[PDB]
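**Q** Build me a structure from this.
(chains A, B, C, D, E, F and G, ligands or ions: 17)
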Amino acid sequence: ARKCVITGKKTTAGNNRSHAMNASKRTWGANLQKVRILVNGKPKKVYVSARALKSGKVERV
Amino acid sequence: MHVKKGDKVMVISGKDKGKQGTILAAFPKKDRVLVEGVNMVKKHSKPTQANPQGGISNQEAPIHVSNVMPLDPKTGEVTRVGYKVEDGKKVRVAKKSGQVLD
Amino acid sequence: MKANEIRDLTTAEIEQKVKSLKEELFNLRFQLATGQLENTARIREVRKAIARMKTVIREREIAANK
Amino acid sequence: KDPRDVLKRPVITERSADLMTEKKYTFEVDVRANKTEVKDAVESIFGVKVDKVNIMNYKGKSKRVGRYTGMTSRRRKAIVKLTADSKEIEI
RNA sequence: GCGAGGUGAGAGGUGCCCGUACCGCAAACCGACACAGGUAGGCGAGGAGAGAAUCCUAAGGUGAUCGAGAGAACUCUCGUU
RNA sequence: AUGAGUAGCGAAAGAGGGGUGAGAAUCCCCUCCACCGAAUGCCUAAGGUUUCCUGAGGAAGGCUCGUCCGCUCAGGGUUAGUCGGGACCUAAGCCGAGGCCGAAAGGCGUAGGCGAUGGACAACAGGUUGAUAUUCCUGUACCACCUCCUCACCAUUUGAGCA
RNA sequence: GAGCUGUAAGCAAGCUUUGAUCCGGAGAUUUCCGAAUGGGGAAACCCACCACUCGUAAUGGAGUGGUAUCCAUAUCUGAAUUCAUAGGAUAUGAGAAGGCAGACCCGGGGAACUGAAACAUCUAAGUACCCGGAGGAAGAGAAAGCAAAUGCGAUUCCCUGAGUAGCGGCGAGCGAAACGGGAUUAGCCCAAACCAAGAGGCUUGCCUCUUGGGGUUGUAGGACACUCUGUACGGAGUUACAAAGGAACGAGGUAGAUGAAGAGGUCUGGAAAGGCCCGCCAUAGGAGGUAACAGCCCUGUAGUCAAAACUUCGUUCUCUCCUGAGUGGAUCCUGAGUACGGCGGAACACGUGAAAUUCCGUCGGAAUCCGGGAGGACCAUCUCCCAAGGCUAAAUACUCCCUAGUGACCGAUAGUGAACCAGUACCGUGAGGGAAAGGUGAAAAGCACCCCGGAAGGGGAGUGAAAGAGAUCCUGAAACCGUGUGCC
Ligand SMILES: [K+]
Ligand SMILES: [K+]
Ligand SMILES: [K+]
Ligand SMILES: [Mg+2]
Ligand SMILES: [Mg+2]
Ligand SMILES: [Mg+2]
Ligand SMILES: [Mg+2]
Ligand SMILES: [Mg+2]
Ligand SMILES: [Mg+2]
Ligand SMILES: [Mg+2]
Ligand SMILES: [Mg+2]
Ligand SMILES: [Mg+2]
Ligand SMILES: [Mg+2]
Ligand SMILES: [Mg+2]
Ligand SMILES: [Mg+2]
Ligand SMILES: [Mg+2]
Ligand SMILES: [Mg+2]
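**A** Numbering: from 1, shown residues only, chains lettered A, B, ... in the order given. Ligands and ions are numbered 1, 2, ... in the order given. Dropping the coordinates below:
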């Protein structure tokens, strides 16, 4: 799924709000990005959120 | 039951109240017994393969076990029943006198 | 055959008795079908004898593997 | 498995009696026995020589006793033909 | 590729499980019914005939699960004026 | 209950003579007549699931009756190497190891499978029961496989043969 | 401890004091389907491979065991590609799978009818429902807390605060918390500084990772220095604070045992347990049954006992584990893409509002002890705490089930849909919907025999207290259907 393998950031639900305050359901996506990282010490390319990449601890291969 | 096949009991209730007789058969599931000479019924039997003539038979009918009491060996009066261990074997004792029945 | 007697035999001896009882049961079922069997009570007794013997055989197998 | 688990009981009917003149014996057999098993069992048990075994399955019959209704057990009937030069079965 | 034993013929032998009854243009299936309905496919004879049309018949099947009278009005289905 | 002993009793040719029986327009047999006959015949699906055959019964069911029945009660009846299906093949479609995708549940999909309505595939004639028949019996065949055997031929490391 | 072979009559054949049937504990067996798992499949069926075994000359046949996927562990190989890695093979696994108790719990998603007398903000409602994770409980929890006192001292739940403060097309409505009174109580463990060991990058006297020690807090604590002290004398513990194991004993659960006192006399009656006249027992006058209503007839009850085996709890012992005080303010440590902020939403009783506090997506982004957070915008002062790590029992919620019981609960149109062979019959392609139907008698003593009839059904005769109790068999109302006739 569109869930960050490292931080777990995934889609979350909430409301959209019009000016008249009408509420309708919507989701917030994680900013997931295809990157090569170590998965069990074996470099696989998986989806990681930009935020998890921001640090730099998540090293690309 | 407090009585068993073979015991001489007195009938304490019913038309045959006061009559003594031997238990010919016990029916523990129904709490009824068969007492010699008590509760005679007239069965209207049809001719069958076993009995070709049929006829109206006189026959003992079971009575409820709570309508009979065993007799005391000493006095010959009715007694309630108790139990004691004797030689590593439980036996019925006549509560009135104390003596063993069987 | 009560269980105590069954246990005194060896496994080889018991399985033979099973075969003998199977012969008895087989003949009894044939007699019943033809209406030539009087003592119907024998069938159930033989079945329980076979069960009894199989129970003792299996008991020994279990004590062996343990 | 033992031969005597395969054969259940003989079938004793006008039809089976007729077949016993042609040296064919009708048996009820275990519902899982194939006709090869039937052939082997008859030889072992009765000490005869089997020419061929024909076999058929019978459905349960619908049956009623008062308000209660149910099915009879399904059966498997084997007709065992002996060879011309074989000993007959004794029953 | 596999391979020291092979190929062909004859003789002998082995060949398991499931279905198999009966209805199936029907009183047995689908229509609540022993219901003027519906139900794929194979065979489907003779005379006249182009013909599986039509009429009368063969093989074969069937006489239809309320009847006996009467022969009014009227209704339905027909015939002639 | 009333409507009411009213509507209806669901397309159609029956008649008589015997029989059975407590009882017969209605069941059985006989005779003649009548109807279908590109079907109202024969076979065989899907489906039903014992309704099939024999004997007995007449409560209920059967639009009447009933001695009768596809009904009730007892028994009995379905036989395959060759027919149809599986130990053969695949179509549409379905499922799907890993895999791809998706808030979750799940969706999609590769290899590989399943899946006839199709492809492949060896038995015919006659006889026989109240009830089964390319199945049982008689006769004469065929297909695959196996070798305690027999014969013929070939070949034993470019060595027949299998594939 | 004397009969038994179920309902369930019947016939048949048998078993049992050499102890059956029956009751309880622990075992064995446990076809096929089902997560179903050797493969397939239209659940309960079909077809295989590998070892071993039965059988045949052999084929064909049979029995037992193994053979799903994923995950974990070990071993062997290792592509494109050189080393490698992916991948593949073998072995090892009481690893997972599925179900449910229609309940309770925590989350992911999440309505509409309806209310507002219309309706969109709002309400219904974070409800119904779907999904995931679970546990016997779950969640929360050992102060970056509540407060504003000569303060309190984890969390949870009950009372109260209070329908208050507030929120709100300030409409309909929504609606706290703290203090106070209670139930229950319980506290702990890491990360970092530092020490020791070991290893790889040599980044080259530095660094990272890995082990053990050390250490856990706020008018500061710890490291580090100083002393004092223990190293088990003594303390704790498998419910947190490390983690398994074994005994002895006690009290229970899962069958049972024993257990007082009237056939008292007499009266009706088919039958006394009732009436009348007398007794007696009672730690037992609960209850059911027995031919009408029984403390003294039966099973029982009060009371006192009982366990080969299995199981629950408790207490001791064994066993296991374990130092904690004071003085320093040189230096060092005290949880970073974190706290927090903008933007977009959500949760807080609180609808963006003056909006503190908490959570999510996206982007930006601190201080780090001379430090940091909160006290409802925000600043200053003061007061109280020390976040960005984890664990933690009890009080609480619920009941499908087990045991024992209770009811100014129902009594067959009631009470469960279901007192009865009911989730059945029947209806539906299916999901699904869904009934009707209790009573002979004390005892079958269930009407021998005779008469009419083919039978059904009757009339006698018998049984019974009663057959006007004869199988839809207690009582038997009204509608409705008849027969006879006093008046018209
Ligand atoms: K009594
Ligand atoms: K023609
Ligand atoms: K009633
Ligand atoms: Mg067959
Ligand atoms: Mg046929
Ligand atoms: Mg004219
Ligand atoms: Mg009229
Ligand atoms: Mg008609
Ligand atoms: Mg017929
Ligand atoms: Mg009729
Ligand atoms: Mg086909
Ligand atoms: Mg409204
Ligand atoms: Mg007692
Ligand atoms: Mg007593
Ligand atoms: Mg009475
Ligand atoms: Mg009811
Ligand atoms: Mg009564």
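**Q** when you scan stretch A:50-61, is anything in it near RNA strand G?
**A** Yes: counting by Cβ under 7 Å from any atom of the strand, RNA strand G has neighbours in stretch A:50-61: A:50, A:51, A:54, A:55, A:57. No exception for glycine: its C-beta is placed from N, CA and C like everyone else's.
**Q** Three-state assignment for the last one, please.
**A** Under the three-state scheme (DSSP: H, G, I helix; E, B strand; the rest coil), residue A:57 adopts coil.
**Q** burial count for it?
**A** 8 (other Cβ atoms under 10 Å in any protein chain shown).
**Q** re earlier: what about chain C: which of the residues of stretch A:50-61 next to RNA strand G touch it?
**A** Residues shared between the residues of stretch A:50-61 next to RNA strand G and the neighbourhood of chain C: none [Cβ under 8 Å from any Cβ of the partner chain].
**Q** For the residues you listed, give me CSV that also has distance to chain D.
**A** What follows is the residues of stretch A:50-61 next to RNA strand G, written out as CSV (distance: Cβ to the nearest Cβ, whole Å):
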residue, distance to chain D
A:50, 66
A:51, 66
A:54, 69
A:55, 68
A:57, 66
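**Q** distance of the residue of chain A at minimum distance from RNA strand G from residue A:32?
**A** Here chain A gets closest to RNA strand G at one residue, residue A:14, 2.7 Å apart by Cβ to the nearest atom of the strand. Computed with Cβ to Cβ, to the nearest Å, the distance linking residue A:14 and residue A:32 is 18 Å.
**Q** Give me the more crowded residue out of those two.
**A** Shown here are residue A:14 and residue A:32; by other Cβ under 10 Å, residue A:32 has more neighbours (21 against 10).
**Q** what sits against residue C:24?
**A** C:42, C:46 (Cβ atoms under 8 Å, 6 or more residues apart in numbering or on different chains).
**Q** got it, and residue B:12?
**A** Residue B:12 sits next to B:18, B:67, B:68, B:69, B:78 when contact means Cβ under 8 Å, 6+ apart.
**Q** Where do the helices of the chain begin and end?
**A** All of this refers to chain A. A:50-55 (DSSP state H).
**Q** hm, I was asking about chain C
**A** Using DSSP H, helices in chain C cover C:3-8, C:11-33, C:41-65.
**Q** so the second one versus helix C:41-65, what angle?
**A** Angle, helix C:11-33 to helix C:41-65, by axes from the mean of the first three to the mean of the last three Cα atoms, to 10 degrees: 160 degrees.
**Q** thinking again about what came up before, of the residues of stretch A:50-61 next to RNA strand G, buried ones?
**A** Burial by neighbour count, 16 or more other Cβ atoms under 10 Å in any protein chain shown: within the residues of stretch A:50-61 next to RNA strand G this picks out no residue.
**Q** tell me, which of the residues you listed make contact with ligand 1?
**A** Applying Cβ under 5 Å from the ion to these, one finds that nothing falls near ligand 1.
**Q** Centroid-nearest residue for chain D?
**A** residue D:27 (1.7 Å; Cα atoms, centre = their mean).
**Q** what sits against that residue?
**A** D:7, D:8, D:9, D:10, D:11, D:38, D:42, D:77, D:78, D:80.
**Q** doesn't residue C:33 make contact with the third one?
**A** Yes: the pair residue D:9 / residue C:33 is scored as a contact, 4.2 Å apart, by Cβ atoms under 8 Å.
**Q** related to what we said a few turns ago, quick check: PyMOL command selecting the buried ones in the contacts of residue D:27.
**A** Remark: buried members of these, expressed as a PyMOL selection using 16+ other Cβ under 10 Å:
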select buried, chain D and resi 7+8+10+11+38+42+77+78+80
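**Q** The contacts of residue D:27 in strands, which ones?
**A** Residues of these located in strands (DSSP state E): D:7, D:8, D:9, D:10, D:77, D:78, D:80.
**Q** Not counting sequence-adjacent ones, nearest residue to the fifth one?
**A** Same thing as residue D:77. Excluding its sequence neighbours, the residue lying closest to residue D:77 (Cβ to Cβ, 6 or more residues apart in numbering or on different chains) is residue D:56, at 5.4 Å.
**Q** What of the first one?
**A** In this structure, residue D:7 finds its nearest non-sequential neighbour in residue D:27, 5.1 Å apart by Cβ to Cβ, 6+ apart.
**Q** From the residues of stretch A:50-61 next to RNA strand G, pick the one nearest residue C:63.
**A** Closest approach to residue C:63 among the residues of stretch A:50-61 next to RNA strand G (Cβ to Cβ): residue A:57, at 61.6 Å.
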